[PDB]
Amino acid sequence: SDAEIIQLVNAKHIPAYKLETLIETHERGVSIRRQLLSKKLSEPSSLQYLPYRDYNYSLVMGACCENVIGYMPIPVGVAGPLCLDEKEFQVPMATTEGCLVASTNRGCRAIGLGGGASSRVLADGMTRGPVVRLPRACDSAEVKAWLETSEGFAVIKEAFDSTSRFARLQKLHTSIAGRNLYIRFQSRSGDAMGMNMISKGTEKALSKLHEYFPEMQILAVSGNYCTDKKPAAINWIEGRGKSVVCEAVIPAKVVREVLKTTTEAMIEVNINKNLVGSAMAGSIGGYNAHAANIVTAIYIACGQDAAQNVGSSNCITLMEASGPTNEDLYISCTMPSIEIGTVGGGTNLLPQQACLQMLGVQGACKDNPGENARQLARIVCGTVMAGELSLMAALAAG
């Protein structure tokens, strides 16, 4: 009985968050936690409109969230078709911002009428940047030099790669700050975003390094040199996750008819807003109009870590006069740090798997590991370009 389970908890016997570790069902656990919580609110009827029934909590519990009191529905709209690399995509966008999906759809239209967009993945590798300390700067310098010898690296790479199937440690980037040493480990991770995997590899690699340098202190597995979820020039300059570039040419006629402006006006707005304005504002990596809007909408729809829009949104949007008469619009978007995955985390949930299926990238790519994640990154970059096209045209037209 609910009432007596509530009475049993209000006897200080069970901590509110320890409900599923007792109640014979998930949804009922959620229901009781809600009742307990309501008594603590200045307005006990607050949760009335927060849904919770008929949701598959099995996949959520012990994997995606804790102290669950329900779920938050985010409207999902569709933008497309997105003509990219000779394929057509119907892009799911979870958002509460009016006109965003419509504007992106218009961008997609202009691209399709232009013969489509092309994209390339330039680099792939998630990172973790721990910070270690030596007794002296002279010692940290010795460690840095050691890590730079082919033998020292092979040893570290062996330890790193030995923690998982996908741990393939690439180049190692190090930076010294006195006796501190920041080490940026970079590795592919199949179709997973890879933070957990890279962390495991990093911990074992640091153990191995410790055998060679017993005086080394592991201060933190993350010394903010990754850099994860904080703006940083290092991600912009070296990339993090997937580095992608996309491009398209919009015929003058399409710019006039679909976008309601001219190539010349677009170019002038892009230079003075996305380049000069961002420069005047002191931006590192924010040379675009609204890439974060598109990245965020797709991330939420596809079960990505939305907090990662911080670095994933880095983007430089470039526009140029093209064609016989210099009236056609050449556009490109370069995104050096798209942190994305199609396996793990929120991608394990069914509704988000549905959005990934819609794009044909759900789960692991059996025949070619990482291909689904790479495809998703290309789709993001292409949709960002469609969004940039549309909003820039609107700003150009006034």
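Numbering starts at 1 and follows the sequence shown. In this text, the rigid core denotes the largest set of C-alpha atoms whose superposition between the two forms falls within 1.5 Å.
In terms of root mean square C-alpha deviation after superposing on the rigid core in 7 other deposited structures of this protein, the stretch standing farther out between 162-170 and 218-226 is 162-170. On average the C-alpha atoms of 24-32 have higher B-factors than those of the other stretch, with 351-359 and 24-32 being the two compared. Note on 288-296 vs 73-81: mean CA B-factor is higher in 73-81. Note on the listed residues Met61, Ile331, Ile340, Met335: the highest Cα temperature factor in the record is that of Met61. Listed residues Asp305, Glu268, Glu215, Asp228 were ranked by CA B-factor as deposited; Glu215 comes out on top. The entry lists a Cα temperature factor for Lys144 that places it in the middle third of the chain's modelled residues. Sorting the modelled residues of the chain by their CA temperature factor places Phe185 in the lowest third.
In the PDB entry, a CA B factor belonging to the highest third of its chain's modelled residues is recorded for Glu257. When the modelled residues of the chain are ordered by C-alpha B-factor, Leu391 sits in the lowest third. Split the chain's modelled residues into thirds by C-alpha temperature factor. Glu203 is in the highest one.
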